[PDB]
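> fold the following and give me the result.
(3 chains, ligands or ions: 1)
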Amino acid sequence: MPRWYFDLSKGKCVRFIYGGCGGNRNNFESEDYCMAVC
Amino acid sequence: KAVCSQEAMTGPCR
Amino acid sequence: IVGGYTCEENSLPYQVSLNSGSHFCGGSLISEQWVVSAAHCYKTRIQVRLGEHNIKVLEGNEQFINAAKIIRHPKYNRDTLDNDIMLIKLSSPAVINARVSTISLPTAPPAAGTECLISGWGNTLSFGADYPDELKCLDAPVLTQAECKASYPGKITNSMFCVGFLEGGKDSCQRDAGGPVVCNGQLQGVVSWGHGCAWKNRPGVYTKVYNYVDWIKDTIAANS
Ligand SMILES: [Ca+2]
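Numbers count the residues shown, from 1 in each chain, chains lettered A, B, ... in the order given. The relevant structure is shown in the block below.
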């Protein structure tokens, strides 16, 4: 199901989506917070 | 919920 | 480039802008017909802009040249960014002048501590966005492999090396990808990726050009 993590440049939680550039290089910062809220 | 952005993830690529 | 300085006008005559309506990536002119960039900068059509300083102001001394061929490394992977390097063949040769000229390919691998020059028209902020009109420059050293790997556990492949400052503040950023890391007069790196920009313990990750010298030569020869 849906996955969210914090984007340092945006200062917000964002959805992880398949197919992003460098997806397997992503740092999923604050995943438990962003899941919980979003 | 303002912290729950609908914007696509920037990701690591420059 | 975050934490850099505005380059002297036309002092990096190998630096190009890739443009698909707007600036989106950098590149480096390595011969009259060929540019090195990052594979993740691929788009079906690209206009190469050479001789630029202010990318917003048409000065009347640039060269704007369509890419004829855009060739990603055959082992590039989007998901891992392994082998993040590409060659662009220009549709007409670049005219070589004091503002448009080539950068030499590397003749040895990159080495820790080496002082380099990174450049581009990418974002100048770690938070939010400010895309500069004028070309930015950053003096930065090659980091150790150990430091690179410790910064990015699980993520650094043989194609990748780190350049920058572990304390943060000074880094490449979005829309710098594809652009050059020059050390001792040679193209050692291609701007590739990082976690955010200019954050502590998250230096820039760059493609080792030296690993591709034979590929570059062979691709040029095959496409002449
Ligand atoms: Ca211009």
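
> which residues touch the residue of chain B found nearest chain C?
Residue nearest to chain C within chain B (C-beta to the nearest C-beta): residue B:14, separated by 3.8 Å. Quick note: C-beta positions are derived from backbone N, CA and C, even for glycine. Residues in contact with residue B:14 (C-beta atoms under 8 Å, 6 or more residues apart in numbering or on different chains) are C:38, C:122, C:172-177, C:191-194, C:197, C:204.

> burial of residue C:85, as a residue count?
27 (other C-beta atoms under 10 Å in any protein chain shown).

> the residue lying closest to residue C:38 once chain neighbours are set aside: what's it in contact with?
Counting by C-beta to C-beta, 6 or more residues apart in numbering or on different chains, residue C:178 is the residue found nearest to residue C:38 once chain neighbours are left out, at 4.1 Å. For residue C:178, the contacting residues are C:18, C:25, C:26, C:27, C:37, C:38, C:41, C:86, C:190, C:191, by C-beta under 8 Å, 6+ apart.

> in a helix, the first one, correct?
No. Applying DSSP: H, G, I helix; E, B strand; the rest coil, one finds residue C:18 to be strand, outside a helix.

> which one is it nearest to, not counting chain neighbours?
Spatial nearest neighbour of residue C:18, chain neighbours left out: residue C:25 (4.3 Å); criterion: C-beta to C-beta, 6+ apart.

> tell me the contacts of the spatially most central residue of chain A?
Closest to where the C-alpha atoms of chain A average out (C-alpha atoms, centre = their mean) is residue A:5, at 2.6 Å. Taking C-beta under 8 Å, 6+ apart as the contact definition, residue A:5 lies against A:13, A:14, A:16, A:26, A:27, A:28, A:29, A:30, A:31, A:34, B:9.

> ok, residue A:17 next?
B:8, B:9.

> about what we covered before: relative to chain B, which of the contacts of residue C:178 is nearest.
Relative to chain B, the closest of the contacts of residue C:178 is residue C:191; by C-beta to the nearest C-beta it sits at 5.4 Å.

> coming back round to it: what would the contacts of residue C:178 look like in JSON lines with secondary structure and neighbour count?
Listed next are the contacts of residue C:178 as JSON lines, based on DSSP: H, G, I helix; E, B strand; the rest coil; neighbours: other C-beta atoms under 10 Å in any protein chain shown:
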{"residue": "C:18", "secondary structure": "strand", "neighbour count": "27"}
{"residue": "C:25", "secondary structure": "strand", "neighbour count": "30"}
{"residue": "C:26", "secondary structure": "strand", "neighbour count": "30"}
{"residue": "C:27", "secondary structure": "strand", "neighbour count": "31"}
{"residue": "C:37", "secondary structure": "strand", "neighbour count": "30"}
{"residue": "C:38", "secondary structure": "coil", "neighbour count": "30"}
{"residue": "C:41", "secondary structure": "helix", "neighbour count": "29"}
{"residue": "C:86", "secondary structure": "strand", "neighbour count": "24"}
{"residue": "C:190", "secondary structure": "strand", "neighbour count": "30"}
{"residue": "C:191", "secondary structure": "strand", "neighbour count": "34"}
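
> distance-wise, check whichever residue of chain B sits closest to the ion relative to residue C:179.
At 21.8 Å from the ion, residue B:14 is the closest residue in chain B, using C-beta to the ion. Distance of residue B:14 to residue C:179, given as C-beta to C-beta, to the nearest Å: 9 Å.

> shared neighbours of those two, anything?
Residues within reach of residue B:14 and of residue C:179 at once, by C-beta under 8 Å, 6+ apart, are C:122, C:172, C:191.

> now tabulate those in a markdown table and tack on distance to chain B.
Converted to a markdown table, those look like this (distance: C-beta to the nearest C-beta, whole Å):
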| residue | distance to chain B |
| --- | --- |
| C:122 | 7 |
| C:172 | 6 |
| C:191 | 5 |
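
> which of the residues you listed are close to the ion?
Near the ion, judged by C-beta under 5 Å from the ion, there are no entries from the shared contacts of residue B:14 and residue C:179.

> give me the beta-bridge partners of the residue nearest to the centre of chain A?
Residue A:5 has the following beta-bridge partners by DSSP bridges: residue A:14.

> so how far is residue C:217 from it?
Distance, residue A:5 to residue C:217, using C-beta to C-beta: 41 Å.

> quick one: secondary structure of the residue of chain C positioned farthest from its centre?
Centroid-distance maximum for chain C: residue C:60 at 24.5 Å, with C-alpha atoms, centre = their mean. Three-state call for residue C:60 (three-state DSSP): coil.
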